[PDB]
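Some notes on the structure that comes next.
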Amino acid sequence: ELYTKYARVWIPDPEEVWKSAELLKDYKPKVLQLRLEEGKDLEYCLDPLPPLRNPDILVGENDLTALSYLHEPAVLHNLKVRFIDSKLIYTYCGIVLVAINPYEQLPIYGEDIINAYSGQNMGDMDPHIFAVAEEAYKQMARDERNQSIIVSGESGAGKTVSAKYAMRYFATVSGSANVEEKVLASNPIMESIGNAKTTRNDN
Amino acid sequence: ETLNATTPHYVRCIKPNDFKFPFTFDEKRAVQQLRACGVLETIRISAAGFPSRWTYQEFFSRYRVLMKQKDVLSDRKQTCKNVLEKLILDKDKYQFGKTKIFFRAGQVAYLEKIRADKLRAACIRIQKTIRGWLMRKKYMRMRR
Amino acid sequence: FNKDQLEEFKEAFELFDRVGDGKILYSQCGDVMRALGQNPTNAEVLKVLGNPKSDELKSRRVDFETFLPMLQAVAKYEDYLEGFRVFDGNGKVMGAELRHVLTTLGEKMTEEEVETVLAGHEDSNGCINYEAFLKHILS
Amino acid sequence: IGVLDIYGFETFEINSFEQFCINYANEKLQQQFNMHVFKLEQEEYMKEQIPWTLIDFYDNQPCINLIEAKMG
Ligand SMILES: Nc1ncnc2c1ncn2[C@@H]1O[C@H](COP(=O)(O)OP(=O)(O)O)[C@@H](O)[C@H]1O
């Protein structure tokens, strides 16, 4: 139990899955009076509580599990602000890397950053696909046990380009006189024989 | 059979918008993606347990304002082990590991709330003293 | 307050009367309370003033006799030290950080107040011994 | 080190045998994922001497059995 005047909560909306809301009158252990965007009018009928919102210093953190309140509003907000405002496309949840299609190019994949990630532990750095490739390359040394990086998502999410950069990492840090040319030159073949226009998207 | 013989590391890719607009984001698709990726379940499951895990020294670096210049001990692990018991009466909200403090969801936001209110009370003290000095200074100048 | 205190305080109060009616503005009441050794917050000052509105705060004038109950109410070591020790652990406080927090948190002050109070209190690193600064600023 | 580029869980205004296969493959992959996460946090709790009973995981074997078992 914390809800007061000047608390904030998330409320559902058909237009955007949650709206931020200012709590306008203190809670009493039955319907809540709320201020909003666009002026203020709501009273919101609890059923036999609204999701409650992380203090603004937390939001934008590198790791969605580092938030104090965990829920779909908080996650969607962190990813939205990191993507739109900070132009950061990589984020962590638990062990899972989460990657969002910036869908225009970026500097971020430069060899300088490749070298900056080498040897770093995964929590030492801001998230990047090179941090996952580097953790794989570490684990394969720490144990002989082989390592798999599983890239998954909807079509068009960027699974192929994420694999491309994950391989570019190994080929820069380990690689020497070549794999890279041949593997990347295989892509137009495998895309021709194995990709199709689906209803929702081409390729 | 190929993957179970291995150790996985996961990357989930999500597509922001259906229209190919550069670097803009649609809530309604993105939530569908983040459910289809199992991320929301992983987050809920972590929220049921002890999501937030603080190294004692990071806990100190955050909440030095909470812990009295008197109370701090010759080791900060025991210092914080005491101070948190001061701040939250019931351990069940938290756990003490070997290397980290474990917290249930929300207790960190509580600690940040009480931390910020105490920091503003300290700012009230210091600002009130400086502002009162300037008031005194101009007052005695008018008397002068 | 005794007769001697009331007489000195009234004389000072009348020195602050800029209209000749024997009165000061509400906005000066806090200044008078602070000048007499009290350290009330602006919130406390507005409370004893009755949370006045802008118009009466800027133009309504009160004599010593109406000020007096408020001064009395406002009038009635370890906390000052801990308040400075918040920003300590070598016994120093950044001038930039203290300036920023005092001008951006709480009852925000002007940069000139902070420069005036901090003058001569910072060392070559730009560090202030806050125990000495605190004793100095409380006198 | 092996890198796997696989289509994700799919849902369309119409769903057909292709989607049914894609979603069954994603059931299997996420069974693996949930077991790996569950293992990792039992091992962290053994690094930290915390009881295992606190932690649980989503079990999707009943849906794999619905699709895959005999009389599935
Ligand atoms: N990280 C990224 N940086 C820049 N452009 C990207 C990135 N990810 C995806 N894209 C763009 O989005 C397109 C679609 O993603 P792609 O990986 O080719 O499809 P799929 O993920 O279905 O294989 C890419 O061809 C590229 O134009």
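Starting from 1 in every chain, residues are counted up; chains themselves are A, B, ... following the order of the structure tokens, and ligands are numbered from 1 as listed.
The contact shell of ligand 1, defined as all polymer residues within 8 Å when only C-alpha atoms and all ligand atoms are used, comprises residues 89, 99, 100, 101, 102, 103, 104, 105, 106, 153, 154, 155, 156, 157, 158, 159, 160, 161, 162 and 203 of chain A; 13 of chain B; 7 of chain D.
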Practice item. Specify as JSON, numbers by chain all residues of chain A found within 9 Å of chain D, counting only C-alpha atoms. Key: {"A": [94, 95, 136, 137, 140, 146, 147, 148, 149, 150, 151, 152, 153, 154, 155, 159, 160, 163, 166, 167, 199, 200]}
Write a file of the selected residues as a CSV table (one decimal), in the first residue's frame, keeping N, CA, C and O atoms.
```
chain,number,residue,atom,x,y,z
A,94,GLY,N,16.4,-10.1,-17.8
A,94,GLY,CA,17.0,-11.3,-17.3
A,94,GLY,C,18.3,-11.6,-18.0
A,94,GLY,O,19.2,-10.8,-18.1
A,95,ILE,N,18.4,-12.9,-18.6
A,95,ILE,CA,19.5,-13.2,-19.5
A,95,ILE,C,19.2,-12.7,-20.9
A,95,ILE,O,20.2,-12.6,-21.7
A,136,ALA,N,29.3,-15.4,-25.2
A,136,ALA,CA,29.4,-16.7,-25.8
A,136,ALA,C,30.8,-17.1,-26.0
A,136,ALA,O,31.2,-18.3,-25.6
A,137,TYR,N,31.7,-16.2,-26.6
A,137,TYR,CA,33.1,-16.5,-26.8
A,137,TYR,C,33.8,-16.7,-25.4
A,137,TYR,O,34.8,-17.5,-25.4
A,140,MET,N,32.6,-20.4,-24.1
A,140,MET,CA,33.3,-21.4,-24.8
A,140,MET,C,34.7,-21.6,-24.3
A,140,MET,O,35.3,-22.7,-24.5
A,146,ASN,N,29.9,-26.3,-25.9
A,146,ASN,CA,29.6,-25.4,-27.0
A,146,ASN,C,28.5,-24.4,-26.6
A,146,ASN,O,27.7,-24.7,-25.7
A,147,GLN,N,28.4,-23.3,-27.4
A,147,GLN,CA,27.5,-22.3,-27.1
A,147,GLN,C,26.6,-22.0,-28.3
A,147,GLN,O,27.1,-21.9,-29.4
A,148,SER,N,25.3,-21.7,-28.0
A,148,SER,CA,24.4,-21.3,-29.1
A,148,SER,C,23.8,-20.0,-28.8
A,148,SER,O,23.3,-19.7,-27.6
A,149,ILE,N,23.8,-19.1,-29.8
A,149,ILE,CA,23.1,-17.8,-29.7
A,149,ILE,C,21.8,-18.0,-30.5
A,149,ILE,O,21.9,-18.1,-31.7
A,150,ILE,N,20.6,-17.9,-29.8
A,150,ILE,CA,19.4,-18.2,-30.5
A,150,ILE,C,18.7,-16.8,-30.8
A,150,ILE,O,18.2,-16.2,-29.9
A,151,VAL,N,18.7,-16.4,-32.1
A,151,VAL,CA,18.0,-15.2,-32.5
A,151,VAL,C,16.6,-15.5,-32.9
A,151,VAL,O,16.5,-16.4,-33.8
A,152,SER,N,15.6,-14.9,-32.4
A,152,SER,CA,14.3,-15.2,-32.6
A,152,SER,C,13.4,-14.0,-32.8
A,152,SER,O,13.7,-12.9,-32.2
A,153,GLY,N,12.4,-14.0,-33.5
A,153,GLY,CA,11.4,-12.9,-33.6
A,153,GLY,C,10.5,-13.0,-34.8
A,153,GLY,O,10.6,-14.0,-35.6
A,154,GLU,N,9.6,-12.1,-34.9
A,154,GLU,CA,8.8,-12.0,-36.1
A,154,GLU,C,9.6,-11.8,-37.3
A,154,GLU,O,10.8,-11.4,-37.2
A,155,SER,N,9.0,-12.0,-38.5
A,155,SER,CA,9.7,-11.7,-39.7
A,155,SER,C,9.8,-10.2,-39.8
A,155,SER,O,8.9,-9.4,-39.5
A,159,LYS,N,16.4,-10.4,-37.5
A,159,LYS,CA,17.2,-11.6,-37.0
A,159,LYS,C,18.4,-11.8,-37.9
A,159,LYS,O,19.5,-12.2,-37.4
A,160,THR,N,18.3,-11.6,-39.2
A,160,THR,CA,19.4,-11.8,-40.1
A,160,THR,C,20.5,-10.8,-39.9
A,160,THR,O,21.7,-11.2,-39.8
A,163,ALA,N,22.3,-11.7,-36.7
A,163,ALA,CA,23.3,-12.7,-36.9
A,163,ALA,C,24.5,-12.2,-37.6
A,163,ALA,O,25.6,-12.6,-37.2
A,166,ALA,N,26.6,-10.5,-35.1
A,166,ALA,CA,27.1,-11.4,-34.1
A,166,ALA,C,28.3,-12.2,-34.7
A,166,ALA,O,29.3,-12.5,-34.0
A,167,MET,N,28.3,-12.5,-36.0
A,167,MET,CA,29.4,-13.2,-36.7
A,167,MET,C,30.6,-12.2,-36.9
A,167,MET,O,31.7,-12.6,-36.8
A,199,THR,N,1.9,-12.9,-46.3
A,199,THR,CA,0.9,-11.9,-46.3
A,199,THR,C,1.3,-10.7,-45.6
A,199,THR,O,1.2,-9.6,-46.2
A,200,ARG,N,1.8,-10.8,-44.4
A,200,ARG,CA,2.1,-9.6,-43.6
A,200,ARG,C,3.4,-8.9,-44.1
A,200,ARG,O,3.5,-7.7,-43.9
```
Check your understanding: Near residue 21 in chain C, within 12 Å and counting only C-alpha atoms, which residues show up once chain neighbours fewer than 6 positions away are dropped, as an MDAnalysis selection string?
Key -> chainID C and resid 13:15 60:64
Which residues of range 3-99 of chain C sit at most 9 Å from range 108-121 of chain C, using only C-alpha atoms? Give each one's shortest atom pair and distance in Å (one decimal place), in chain and ascending residue order, as CSV.
```
residue,atom,partner,partner_atom,distance
C:95,CA,C:118,CA,7.8
C:98,CA,C:114,CA,8.7
C:99,CA,C:114,CA,6.4
```
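Once residue 184 in chain A and its same-chain neighbours fewer than 3 positions away are set aside, residues 164, 167, 168, 179, 180, 181, 187, 188 and 189 of chain A remain within 10 Å of it when counting only C-alpha atoms.
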Each residue of chain C lying at most 10 Å from chain B should get a row with its shortest atom-to-atom pair and the distance in Å to one decimal, counting only C-alpha atoms; could you produce that, ordered by chain and increasing number, as a Markdown table?
```
| residue | atom | partner | partner_atom | distance |
| --- | --- | --- | --- | --- |
| C:11 | CA | B:143 | CA | 9.4 |
| C:12 | CA | B:143 | CA | 6.5 |
| C:13 | CA | B:143 | CA | 9.2 |
| C:14 | CA | B:143 | CA | 9.8 |
| C:15 | CA | B:143 | CA | 6.5 |
| C:16 | CA | B:142 | CA | 7.0 |
| C:28 | CA | B:135 | CA | 9.1 |
| C:30 | CA | B:135 | CA | 8.3 |
| C:31 | CA | B:135 | CA | 5.2 |
| C:32 | CA | B:139 | CA | 7.1 |
| C:33 | CA | B:136 | CA | 9.0 |
| C:34 | CA | B:132 | CA | 5.4 |
| C:35 | CA | B:136 | CA | 4.2 |
| C:36 | CA | B:136 | CA | 7.8 |
| C:37 | CA | B:136 | CA | 8.5 |
| C:38 | CA | B:132 | CA | 8.2 |
| C:39 | CA | B:132 | CA | 6.3 |
| C:40 | CA | B:128 | CA | 7.1 |
| C:41 | CA | B:128 | CA | 5.9 |
| C:42 | CA | B:128 | CA | 8.0 |
| C:79 | CA | B:125 | CA | 8.6 |
| C:80 | CA | B:125 | CA | 7.0 |
| C:81 | CA | B:122 | CA | 10.0 |
| C:82 | CA | B:69 | CA | 7.7 |
| C:83 | CA | B:122 | CA | 4.6 |
| C:84 | CA | B:126 | CA | 7.1 |
| C:85 | CA | B:69 | CA | 7.3 |
| C:86 | CA | B:65 | CA | 5.4 |
| C:87 | CA | B:65 | CA | 8.1 |
| C:88 | CA | B:69 | CA | 9.3 |
| C:89 | CA | B:69 | CA | 8.8 |
| C:98 | CA | B:123 | CA | 8.9 |
| C:99 | CA | B:127 | CA | 9.6 |
| C:101 | CA | B:123 | CA | 7.1 |
| C:102 | CA | B:127 | CA | 5.7 |
| C:103 | CA | B:127 | CA | 8.3 |
| C:104 | CA | B:123 | CA | 9.6 |
| C:105 | CA | B:120 | CA | 6.6 |
| C:106 | CA | B:124 | CA | 5.6 |
| C:107 | CA | B:124 | CA | 6.5 |
| C:108 | CA | B:127 | CA | 7.3 |
| C:109 | CA | B:127 | CA | 6.8 |
| C:110 | CA | B:131 | CA | 8.9 |
| C:112 | CA | B:134 | CA | 9.3 |
| C:113 | CA | B:134 | CA | 6.2 |
| C:114 | CA | B:130 | CA | 6.8 |
| C:115 | CA | B:130 | CA | 9.9 |
| C:116 | CA | B:134 | CA | 8.0 |
| C:117 | CA | B:130 | CA | 6.2 |
| C:118 | CA | B:130 | CA | 8.9 |
| C:134 | CA | B:129 | CA | 8.8 |
| C:137 | CA | B:129 | CA | 6.9 |
| C:138 | CA | B:129 | CA | 6.9 |
| C:139 | CA | B:133 | CA | 9.2 |
```
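For chain C, a DSSP pass over the backbone yields strand (DSSP E) at residues 23, 24, 25, 61, 62, 63, 92, 93, 94, 127, 128 and 129 of chain C.
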Review point. Can you list, as a PyMOL selection string, every protein, DNA or RNA residue that comes within 12 Å of residue 47 in chain C when you count only C-alpha atoms, leaving out same-chain residues fewer than 2 positions away?
Key: chain C and resi 26+29-30+40-45+49-53+70-71+73-74
Check your understanding: Given a cut-off of 8 Å, which residues of chain B touch chain A, counting only C-alpha atoms, written out as a VMD selection string?
Key -> chain B and resid 3 5 to 16 20 to 25 27 to 28 30 to 31 33 37 39 to 40 42 to 44 46 to 47 51 to 52 105 to 109
Range 84-100 of chain B: which residues within 7 Å, counting only C-alpha atoms, same-chain residues fewer than 6 positions away excluded, as a tab-separated table (two decimals) with C-alpha atoms, in the first residue's frame?
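Generated file (result39.tsv):
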```tsv
chain	number	residue	atom	x	y	z
B	53	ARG	CA	19.43	-7.69	-6.20
B	54	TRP	CA	21.83	-5.09	-4.82
B	55	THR	CA	25.47	-5.51	-3.94
B	56	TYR	CA	25.96	-4.18	-0.41
D	48	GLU	CA	23.43	-17.55	-2.23
```
Check your understanding: From the set B:113, B:104, B:81, B:62, which residue has the shortest atom-to-atom contact distance to chain D, counting only C-alpha atoms?
Key -> B:104
Review point. Counting only C-alpha atoms, what is within 12 Å of residue 72 in chain D, bar same-chain residues fewer than 6 positions away, as a PyMOL selection string?
Key: chain D and resi 62-66
How about saving the chosen residues, N, CA, C and O atoms kept, as a short mmCIF file (atom, residue, chain, number, x, y, z; two decimals), in the first residue's frame?
```
data_model
loop_
_atom_site.label_atom_id
_atom_site.label_comp_id
_atom_site.auth_asym_id
_atom_site.auth_seq_id
_atom_site.Cartn_x
_atom_site.Cartn_y
_atom_site.Cartn_z
N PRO D 62 2.13 -29.60 -21.07
CA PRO D 62 0.77 -30.02 -21.46
C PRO D 62 0.32 -29.56 -22.84
O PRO D 62 -0.42 -30.29 -23.50
N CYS D 63 0.87 -28.48 -23.37
CA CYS D 63 0.51 -28.09 -24.73
C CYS D 63 1.34 -28.83 -25.76
O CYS D 63 0.83 -29.19 -26.82
N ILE D 64 2.60 -29.10 -25.45
CA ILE D 64 3.36 -29.96 -26.33
C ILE D 64 2.70 -31.32 -26.41
O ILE D 64 2.62 -31.92 -27.48
N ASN D 65 2.27 -31.87 -25.27
CA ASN D 65 1.58 -33.14 -25.29
C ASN D 65 0.27 -33.07 -26.06
O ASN D 65 -0.11 -34.03 -26.73
N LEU D 66 -0.45 -31.95 -25.97
CA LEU D 66 -1.66 -31.81 -26.77
C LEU D 66 -1.37 -31.88 -28.26
O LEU D 66 -2.11 -32.52 -29.01
#
```
